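Each remark here refers to the structure printed beneath this line.
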Amino acid sequence: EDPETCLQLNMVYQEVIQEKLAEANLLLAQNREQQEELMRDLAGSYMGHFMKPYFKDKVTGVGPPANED
Amino acid sequence: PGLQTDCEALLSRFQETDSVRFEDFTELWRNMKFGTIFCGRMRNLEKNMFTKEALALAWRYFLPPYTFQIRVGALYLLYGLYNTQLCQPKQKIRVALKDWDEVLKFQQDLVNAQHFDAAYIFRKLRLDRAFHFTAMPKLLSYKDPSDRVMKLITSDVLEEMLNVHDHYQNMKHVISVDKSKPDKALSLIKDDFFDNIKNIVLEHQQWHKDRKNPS
Amino acid sequence: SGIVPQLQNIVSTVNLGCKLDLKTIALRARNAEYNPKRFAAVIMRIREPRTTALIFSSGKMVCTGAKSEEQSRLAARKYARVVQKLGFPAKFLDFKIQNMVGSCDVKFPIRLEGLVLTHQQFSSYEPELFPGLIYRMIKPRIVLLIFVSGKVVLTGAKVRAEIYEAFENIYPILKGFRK
Amino acid sequence: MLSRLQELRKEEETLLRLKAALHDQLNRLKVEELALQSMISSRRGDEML
Amino acid sequence: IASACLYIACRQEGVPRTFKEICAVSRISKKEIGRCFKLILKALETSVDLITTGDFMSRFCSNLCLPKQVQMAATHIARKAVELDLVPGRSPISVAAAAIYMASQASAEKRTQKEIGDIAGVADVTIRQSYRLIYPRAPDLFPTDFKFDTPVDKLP
Numbered sequence: 081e082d083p084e085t086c087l088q089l090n091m092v093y094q095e096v097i098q099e100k101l102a103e104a105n106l107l108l109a110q111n112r113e114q115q116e117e118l119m120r121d122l123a124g125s141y142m143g144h145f146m147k148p149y150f151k152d153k154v155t156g157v158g159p160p161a162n163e164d
Numbered sequence: 005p006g007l008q009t010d011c012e013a014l015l016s017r018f019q020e021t022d023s024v025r026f027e028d029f030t031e032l033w034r035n036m037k038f039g040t041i042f043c044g045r046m047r048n049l050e051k052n053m054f055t056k057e058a059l060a061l062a063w064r065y066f067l068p069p070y071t072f073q074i075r076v077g078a079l080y081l082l083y084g085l086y087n088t089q090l091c092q093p094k095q096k097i098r099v100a101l102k103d104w105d106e107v108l109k110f111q112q113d114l115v116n117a118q119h120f121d122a123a124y125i126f127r128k129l130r131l132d133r134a135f136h137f138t139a140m141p142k143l144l145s146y162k163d164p165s166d167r168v169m170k171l172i173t174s175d176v177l178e179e180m181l182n183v184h185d186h187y188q189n190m191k192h193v194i195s196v197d198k199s200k201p202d203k204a205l206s207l208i209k210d211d212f213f214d215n216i217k218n219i220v221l222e223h224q225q226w227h228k229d230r231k232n233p234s
Numbered sequence: 159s160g161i162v163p164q165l166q167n168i169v170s171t172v173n174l175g176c177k178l179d180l181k182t183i184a185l186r187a188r189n190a191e192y193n194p195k196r197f198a199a200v201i202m203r204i205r206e207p208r209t210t211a212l213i214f215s216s217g218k219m220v221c222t223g224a225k226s227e228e229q230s231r232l233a234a235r236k237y238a239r240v241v242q243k244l245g246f247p248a249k250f251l252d253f254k255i256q257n258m259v260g261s262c263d264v265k266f267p268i269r270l271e272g273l274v275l276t277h278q279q280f281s282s283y284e285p286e287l288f289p290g291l292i293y294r295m296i297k298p299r300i301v302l303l304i305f306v307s308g309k310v311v312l313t314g315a316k317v318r319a320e321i322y323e324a325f326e327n328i329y330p331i332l333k334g335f336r337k
Numbered sequence: 001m002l003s004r005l006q007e008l009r010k011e012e013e014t015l016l017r018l019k020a021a022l023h024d025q026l027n028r029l030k031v032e033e034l035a036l037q038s039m040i041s042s043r044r045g046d047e048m049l
Numbered sequence: 159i160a161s162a163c164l165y166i167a168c169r170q171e172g173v174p175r176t177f178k179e180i181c182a183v184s185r186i187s188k189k190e191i192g193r194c195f196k197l198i199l200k201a202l203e204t205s206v207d208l209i210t211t212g213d214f215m216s217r218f219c220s221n222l223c224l225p226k227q228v229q230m231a232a233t234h235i236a237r238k239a240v241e242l243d244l245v246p247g248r249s250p251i252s253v254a255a256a257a258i259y260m261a262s263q264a265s266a267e268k269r270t271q272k273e274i275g276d277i278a279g280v281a282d283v284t285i286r287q288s289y290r291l292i293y294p295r296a297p298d299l300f301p302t303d304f305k306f307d308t309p310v311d312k313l314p
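Protein chains in written order, with full-length UniProt numbering: chain A, 81 to 125, 141 to 164; chain B, 5 to 146, 162 to 234; chain C, 159 to 337; chain D, 1 to 49; chain E, 159 to 314.
So this is what it looks like as structure tokens:
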């Protein structure tokens, strides 16, 4: 009778499908966050590196000078 | 040392009944004599260590991404294991903060679904103060999962989609100034959306079955 | 495109015009190195232009590491003055820029296999020897190291315009082979 | 731990396929809406005379 | 010059070898072999087709005791990996070694990184580097109809 009804039905359909798309995109974001967690698991890494010289250089490997105490 | 196998077997035998009632779990407990899992000579140290391991495994199975049936079965498993302990200071189930939301919403769904048995079991566990509300599931030093496809697409979603589609076809049929044919400016609608999603889901489940089927 | 290569190194040569005793320069210079058992030149380094000069007994000096022609010339003049203060009759004759090495990034991965397939007569791609494609441009005598990461290094040019025109010539080919 | 990795990546491919289908649906819906705007403008142009 | 000519001929006839497989035979190092290869290609004004990862599959898997099924599986894995750009700019030999390693680990006959490195002349570090890039995409690279005793779903 008048395409205005076509407009109303059409953007309500677009709204529902856009809600579905947003939910799917949130699921994809969660999955990619999980994947990032997994790669950092692959790139993750001990207690021994601290024991006596907790602070130590990564170029010389010597800790801070002894305290006056 | 084989405890995980016993837990998996009990959960499988509970799920194969396709039931949520605690009566089935009690019958399985009595038949399997699972209450005797703690029976056996073992001093207090290793006894409480084994109890801790059992409770941790049961709680892990109680949390996602397991199915609802497996989660409720693990809930009954936690109830039975905690209530039947040989340790005088009964070991407590370690509950993390990040998992509290999931457990609370699971309990809300259980009570909503009229599954009063599991809800009452969880309420009894909470009232008895069987939970150590820790920061993380385990101390830090140094299956039947659930898929996202069912959350995305299921019977009701596709039923609503096809209802919307057929209503759309009807209003297209009535919109055109002439009843003989619709306007040539609106003919781009795809009829393969349902077919496409059906193809995707059937391919996914085909892959799943040929995966869980051994070579 | 709007991107242009940025010069990374400029190799130039000059004739001091008098024979030198490399031992004296090594013993009296501030940052000179002289190892006759390893090389036959005195290696001097300076900070303001950040360049390295190899001085030879024949009086020919080679300055490298400069990032601009003016910087290279200033560094060469500085080295000439340094040698002059050491009691040598050193002058500044026949200053010539011998090589211009620049680098750039087209900012998109490149398919080297297709490029070598369609440019067999110019490119030489040997993953076993070098992970980068070596394109021997013919219009200007320049050599381009092109990598899958998009980085392009142009070398062998005597003038900056040569490098610019070589990059302009190579950019369309890389764009056509945009991975 | 590759079991959950493969499960998650396969779910990822399936849901990218669903997003591709839904994005094609959305693009065709927007094209249809542009056609709607055009033809309603043309039709309404017949009564401001 | 003789070593460079032999390498050129092997590459041309369609059964290319690696520079390390000619150095192990010749009395010179790989550097001179490559230099003479480039010099000969420049002087002769001829060219050689670029090596593909499938050219070193048959010889690498024949030197190893892997069955033909594992050989085909590794060839398909490597071809799909190079098609999917999972190994951008890496030497085909390292990709072949990684594919052979994953195919052997997934198949009944298992091989460690050391043996594959010795056979293909690739350092185990390079094998690991080329294996981690294709590690997450292990299953889709395998042939659809592939039998095994150790699941492809779990691997080191």
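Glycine is no exception: its CB is placed at the ideal position from the N, C-alpha and C atoms.
| query | result |
| --- | --- |
| List, in chain order, every chain B residue whose beta-carbon is nearer than 7 Å to that of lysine 10(D). | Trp226 |
| Spatial neighbours of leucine 291(E) within its chain, please: CB distance less than 7 Å, with the 5 preceding and 5 following residues excluded, ordered by chain position. | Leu244 and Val245 |
| Where does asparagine 162(A) fall in DSSP's three states? | coil |
| Let me know the secondary structure DSSP gives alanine 233(C) once reduced to three states. | helix |
| Could you tell me which whole alpha helix (DSSP H) segments of length 4 or greater appear in the region 210 to 288 of chain E? | 215 to 221, 226 to 241, 250 to 264 and 271 to 278 |
| Going by Cα to Cα distance, which pick from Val193(B), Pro164(B), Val220(B) and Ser195(B) is closest to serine 174(B)? | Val220(B) |
| Strictly by DSSP, which residues pair up with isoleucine 201(C)? | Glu191(C) and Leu212(C) |
| Apply the 10 Å Cβ neighbour rule to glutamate 284(C) and answer buried if 16 or more other Cβ atoms are within range, or exposed otherwise. | buried |
| Give me the Cα-Cα distance between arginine 235(C) and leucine 197(E), rounded to the nearest whole angstrom. | 39 Å |
| Who are the neighbours of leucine 15(D) on chain B, taking C-beta pairs under 9 Å? | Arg167, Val168 and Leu171 |
| Along the chain, where does the beta strand (DSSP E) containing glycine 192(E) start, and where does it finish? | Here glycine 192(E) belongs to no beta strand (DSSP E); instead the alpha helix (DSSP H) covers 188 to 202. |
| Going straight from the alpha carbon of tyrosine 165(E) to that of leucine 222(E), what length do you get? | 22 Å |
| Mind checking if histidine 192(B) is an interface residue toward chain D, Cβ cutoff 8 Å exclusive? | no |
| Note down the Cα distance separating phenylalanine 29(B) from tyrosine 80(B), rounded to an integer number of angstroms. | 7 Å |
| For chain D, is any of its Cβ atoms less than 8 Å away from the one on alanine 134(B)? | no |
| Is the beta carbon of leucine 129(B) closer than 8 Å to that of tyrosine 83(B)? | yes |
| Please decide whether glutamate 32(D) counts as near chain B, where near means a Cβ-Cβ distance under 8 Å. | yes |
| Just the C-alpha distance for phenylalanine 120(B) and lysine 96(B), rounded to the nearest angstrom, thanks. | 23 Å |
| Are the Cβ atoms of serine 265(E) and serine 288(E) separated by less than 8 Å? | no |
| Given this structure, state the Cα-to-Cα distance separating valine 220(C) from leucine 212(C), to the nearest angstrom. | 5 Å |
| Would you kindly work out how many angstroms separate the C-alpha atoms of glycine 172(E) and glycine 314(C), rounded to a whole number? | 34 Å |
| What do you reckon, is the C-beta of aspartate 307(E) under 7 Å from a heavy atom of the ligand MG? | For the structure depicted, the ligand MG is absent and the ligand set is empty, with no information on it obtainable. |
| Measuring only the C-alpha atoms, how far is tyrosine 322(C) from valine 162(C)? | 7 Å |
| What are the residues in the region 241 to 261 of chain C lying within 9 Å of chain E by C-beta distance? | none |
| Measure how close the beta-carbons of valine 317(C) and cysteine 262(C) come, nearest whole angstrom, since I'm counting them as under 8 Å. | The pair is not a contact, with the Cβ atoms about 17 Å apart (cut-off 8 Å). |
| Which chain B residues are close to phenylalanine 300(E), counting only those with a beta carbon under 7 Å from its beta carbon? | Going along chain B, no residue has its Cβ under 7 Å from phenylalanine 300(E), so there is no contact; the nearest lies around 11 Å. |
| Could you say if the region 86 to 105 of chain A and the region 30 to 47 of chain D meet the contact criterion of at least three C-beta pairs nearer than 8 Å? | yes |
| List, in chain order, every chain B residue whose beta-carbon is nearer than 8 Å to that of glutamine 25(D). | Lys209 and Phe212 |
| Grab the span of the alpha helix (DSSP H) containing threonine 182(C) for me, first residue to last. | 180 to 186 |
| How many Å lie between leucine 251(C) and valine 200(C) at the Cα? | 19 Å |
| Please report how far the alpha carbon of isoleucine 285(E) lies from the alpha carbon of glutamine 278(C), in whole angstroms. | 30 Å |
| Check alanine 58(B) in the structure and name its three-state DSSP category. | helix |
| Can you list, in chain order, the residues of its chain with a C-beta nearer than 6 Å to that of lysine 162(B)? Leave out the 5 residues immediately preceding and following it. | none |
| Determine whether the beta carbon atoms of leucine 5(D) and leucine 108(A) lie at a separation below 8 Å. | no |
| Give the range of the beta strand (DSSP E) segment to which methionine 219(C) is assigned. | 218 to 222 |
| Tell me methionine 295(C)'s beta-bridge partners as DSSP assigns them. | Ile300(C) |
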